[PDB]
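As provided, final.cif (mmCIF, C-alpha atoms) reads as follows.
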```
data_coords
loop_
_atom_site.group_PDB
_atom_site.id
_atom_site.type_symbol
_atom_site.label_atom_id
_atom_site.label_comp_id
_atom_site.auth_asym_id
_atom_site.auth_seq_id
_atom_site.Cartn_x
_atom_site.Cartn_y
_atom_site.Cartn_z
ATOM 1 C CA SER A 1 -9.023 32.002 39.646
ATOM 2 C CA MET A 2 -8.721 28.519 40.931
ATOM 3 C CA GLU A 3 -11.069 27.276 38.169
ATOM 4 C CA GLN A 4 -8.771 28.718 35.380
ATOM 5 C CA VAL A 5 -5.825 26.967 36.977
ATOM 6 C CA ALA A 6 -7.645 23.635 37.184
ATOM 7 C CA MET A 7 -8.689 24.086 33.522
ATOM 8 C CA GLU A 8 -5.032 24.812 32.670
ATOM 9 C CA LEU A 9 -3.922 21.674 34.499
ATOM 10 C CA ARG A 10 -6.479 19.569 32.446
ATOM 11 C CA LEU A 11 -5.047 21.067 29.209
ATOM 12 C CA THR A 12 -1.530 20.334 30.323
ATOM 13 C CA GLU A 13 -2.414 16.748 31.073
ATOM 14 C CA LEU A 14 -4.248 16.360 27.708
ATOM 15 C CA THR A 15 -1.097 17.759 26.089
ATOM 16 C CA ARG A 16 0.994 15.106 27.817
ATOM 17 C CA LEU A 17 -1.320 12.338 26.633
ATOM 18 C CA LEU A 18 -1.379 13.752 23.042
ATOM 19 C CA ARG A 19 2.389 13.942 23.025
ATOM 20 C CA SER A 20 2.575 10.190 23.768
ATOM 21 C CA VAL A 21 -0.105 9.548 21.064
ATOM 22 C CA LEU A 22 1.868 11.611 18.559
ATOM 23 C CA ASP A 23 5.077 9.695 19.291
ATOM 24 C CA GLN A 24 3.296 6.387 18.856
ATOM 25 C CA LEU A 25 1.729 7.509 15.509
ATOM 26 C CA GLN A 26 4.988 8.838 14.172
ATOM 27 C CA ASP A 27 6.715 5.501 14.945
ATOM 28 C CA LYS A 28 4.306 3.998 12.416
ATOM 29 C CA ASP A 29 6.013 6.193 9.728
ATOM 30 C CA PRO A 30 9.516 4.828 9.864
ATOM 31 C CA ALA A 31 10.371 6.138 6.417
ATOM 32 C CA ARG A 32 9.634 9.694 7.732
ATOM 33 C CA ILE A 33 7.432 10.407 4.765
ATOM 34 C CA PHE A 34 5.077 12.523 6.901
ATOM 35 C CA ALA A 35 7.673 14.057 9.192
ATOM 36 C CA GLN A 36 7.875 17.527 7.587
ATOM 37 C CA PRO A 37 5.755 19.799 5.346
ATOM 38 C CA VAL A 38 5.690 19.020 1.670
ATOM 39 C CA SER A 39 8.386 21.387 0.241
ATOM 40 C CA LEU A 40 6.919 24.212 -1.917
ATOM 41 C CA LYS A 41 10.391 24.642 -3.406
ATOM 42 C CA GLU A 42 10.247 20.991 -4.622
ATOM 43 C CA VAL A 43 6.438 20.689 -5.282
ATOM 44 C CA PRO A 44 5.672 24.251 -6.357
ATOM 45 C CA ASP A 45 2.047 23.539 -7.397
ATOM 46 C CA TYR A 46 1.181 21.697 -4.110
ATOM 47 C CA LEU A 47 -1.187 24.357 -2.776
ATOM 48 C CA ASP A 48 -3.178 24.249 -6.015
ATOM 49 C CA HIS A 49 -4.014 20.614 -5.099
ATOM 50 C CA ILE A 50 -4.055 20.556 -1.286
ATOM 51 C CA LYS A 51 -5.746 23.364 0.619
ATOM 52 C CA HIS A 52 -4.846 22.418 4.159
ATOM 53 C CA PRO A 53 -1.354 20.822 4.226
ATOM 54 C CA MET A 54 -0.331 18.975 7.375
ATOM 55 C CA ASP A 55 2.595 16.972 8.705
ATOM 56 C CA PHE A 56 3.968 15.691 12.005
ATOM 57 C CA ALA A 57 6.365 18.633 12.661
ATOM 58 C CA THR A 58 3.493 21.076 12.216
ATOM 59 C CA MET A 59 1.325 19.008 14.681
ATOM 60 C CA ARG A 60 4.175 18.956 17.158
ATOM 61 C CA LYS A 61 4.406 22.775 17.076
ATOM 62 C CA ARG A 62 0.700 23.070 17.740
ATOM 63 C CA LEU A 63 0.832 20.472 20.481
ATOM 64 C CA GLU A 64 3.678 22.194 22.354
ATOM 65 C CA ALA A 65 1.794 25.465 22.293
ATOM 66 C CA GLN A 66 -1.125 23.523 23.922
ATOM 67 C CA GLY A 67 -3.071 24.241 20.775
ATOM 68 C CA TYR A 68 -5.169 21.039 20.827
ATOM 69 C CA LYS A 69 -8.240 21.540 23.103
ATOM 70 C CA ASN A 70 -9.504 17.992 22.679
ATOM 71 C CA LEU A 71 -8.627 14.691 20.931
ATOM 72 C CA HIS A 72 -11.064 15.483 18.037
ATOM 73 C CA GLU A 73 -8.913 18.468 16.964
ATOM 74 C CA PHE A 74 -5.726 16.321 17.065
ATOM 75 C CA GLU A 75 -7.379 13.586 15.041
ATOM 76 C CA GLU A 76 -8.537 16.097 12.457
ATOM 77 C CA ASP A 77 -4.891 17.084 11.826
ATOM 78 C CA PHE A 78 -3.737 13.419 11.682
ATOM 79 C CA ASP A 79 -6.500 12.637 9.195
ATOM 80 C CA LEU A 80 -5.320 15.609 7.027
ATOM 81 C CA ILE A 81 -1.889 14.032 6.796
ATOM 82 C CA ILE A 82 -3.347 10.792 5.455
ATOM 83 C CA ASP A 83 -6.121 12.232 3.374
ATOM 84 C CA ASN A 84 -3.918 14.872 1.619
ATOM 85 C CA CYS A 85 -1.435 12.167 0.656
ATOM 86 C CA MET A 86 -4.069 9.803 -0.703
ATOM 87 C CA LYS A 87 -5.403 12.575 -2.978
ATOM 88 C CA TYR A 88 -2.069 14.044 -4.281
ATOM 89 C CA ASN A 89 -0.397 10.700 -4.817
ATOM 90 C CA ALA A 90 -1.651 7.852 -6.950
ATOM 91 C CA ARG A 91 -2.515 4.397 -5.555
ATOM 92 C CA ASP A 92 0.619 2.781 -6.988
ATOM 93 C CA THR A 93 3.098 4.989 -5.136
ATOM 94 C CA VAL A 94 5.226 4.505 -2.060
ATOM 95 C CA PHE A 95 3.636 7.695 -0.622
ATOM 96 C CA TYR A 96 -0.003 6.521 -0.941
ATOM 97 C CA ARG A 97 0.931 3.069 0.386
ATOM 98 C CA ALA A 98 2.703 4.628 3.386
ATOM 99 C CA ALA A 99 -0.442 6.632 4.203
ATOM 100 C CA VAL A 100 -2.636 3.538 4.093
ATOM 101 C CA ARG A 101 -0.267 1.676 6.511
ATOM 102 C CA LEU A 102 -0.140 4.733 8.806
ATOM 103 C CA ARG A 103 -3.959 4.963 8.842
ATOM 104 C CA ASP A 104 -4.369 1.260 9.565
ATOM 105 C CA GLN A 105 -1.704 1.157 12.274
ATOM 106 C CA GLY A 106 -2.731 4.494 13.815
ATOM 107 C CA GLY A 107 -6.373 3.290 14.272
ATOM 108 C CA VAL A 108 -5.361 1.031 17.169
ATOM 109 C CA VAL A 109 -3.457 3.826 18.958
ATOM 110 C CA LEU A 110 -6.320 6.288 18.479
ATOM 111 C CA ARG A 111 -8.977 3.776 19.600
ATOM 112 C CA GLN A 112 -7.336 3.518 23.040
ATOM 113 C CA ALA A 113 -6.513 7.210 23.246
ATOM 114 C CA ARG A 114 -10.245 7.957 22.929
ATOM 115 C CA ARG A 115 -10.987 5.566 25.772
ATOM 116 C CA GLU A 116 -8.199 7.190 27.939
ATOM 117 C CA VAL A 117 -9.405 10.716 27.268
ATOM 118 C CA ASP A 118 -13.020 9.781 28.184
ATOM 119 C CA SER A 119 -11.836 7.703 31.177
ATOM 120 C CA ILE A 120 -9.494 10.294 32.830
ATOM 121 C CA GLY A 121 -11.914 13.094 31.737
#
```

Could you show the structure in this file as structure tokens?
Amino acid sequence: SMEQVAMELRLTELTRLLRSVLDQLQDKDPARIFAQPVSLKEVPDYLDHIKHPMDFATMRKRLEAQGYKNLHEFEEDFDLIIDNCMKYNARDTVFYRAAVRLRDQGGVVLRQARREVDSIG
């Protein structure tokens, strides 16, 4: 139908906007700490600690499959990245500190994304 097409076009455009958001958030992780899944070869007990692992490569896969229906879903996954790290790693570590800086810097990007999503509909 024409309606399904128009709905598909909306999703495509949201995907374009989320791709730009994702690129901007990932630039705030220049050490690439959050770029890939935590390795289960190298941290074999990780899943005993963290039940829903997340990382930027995994978000990118979902994004490119148009698997984010709205900004809320995308934000949920970004928050997992931060929140998982801040639980597994102690406060005095380069990992925890990188998550705090990513959270703080990402807030600005996400604040305007929410306005753009609402604005363009």

* Asked: Which residue gives the smallest distance to residue 107 in chain A among A:25, A:11, A:94, A:38, with only C-alpha atoms counted?
  -> A:25

* What does the distance between CA of residue 28 in chain A and CA of residue 15 in chain A come to in Å, to one decimal place? ->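 Atom-to-atom, CA of residue 28 in chain A and CA of residue 15 in chain A are spaced 20.1 Å apart.
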
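Distance-wise, CA of residue 54 in chain A and CA of residue 91 in chain A end up 19.6 Å apart.
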
* Asked: By how many Å are CA of residue 47 in chain A and CA of residue 88 in chain A apart?
  -> 10.5 Å

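For the set A:57, A:50, A:108, A:63, the residue with the smallest atom-to-atom gap to residue 89 in chain A is A:50, counting all atoms listed in the file.
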
How big is the axis-aligned box, and where does its centre sit, when it encloses all atoms of range 86-97 of chain A listed in the file and has 5 Å added on every side, reported in Å to one decimal as AutoDock Vina command-line options?
```
--center_x -0.1 --center_y 8.4 --center_z -3.3 --size_x 20.6 --size_y 21.3 --size_z 17.4
```

* For the file shown, what are the residues hit by the PyMOL selection byres ((chain A and resi 67-79) around 9), laid out as an NGL selection string? -> :A and (11 or 14-15 or 18 or 25 or 54-56 or 59 or 61-66 or 80-84 or 103 or 110 or 113-114 or 117)

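In terms of minimum interatomic distance to residue 35 in chain A, A:60 ranks closest within A:16, A:7, A:51, A:60, counting all atoms listed in the file.
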
* Asked: Between A:48, A:86, A:20, A:8, which is the closest to residue 101 in chain A once you count all atoms listed in the file?
  ->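 When distances to residue 101 in chain A are compared using all atoms listed in the file, the smallest one comes from A:86.
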
* Asked: Closest to residue 34 in chain A among A:6, A:90, A:22, A:98, using all atoms listed in the file?
  ->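 For residue 34 in chain A, the nearest of the given residues is A:98.
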
* Could you tell me which of A:23, A:32, A:3, A:12 comes closest to residue 95 in chain A if we count all atoms listed in the file? =>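 So, comparing all the options, the nearest one is A:32.
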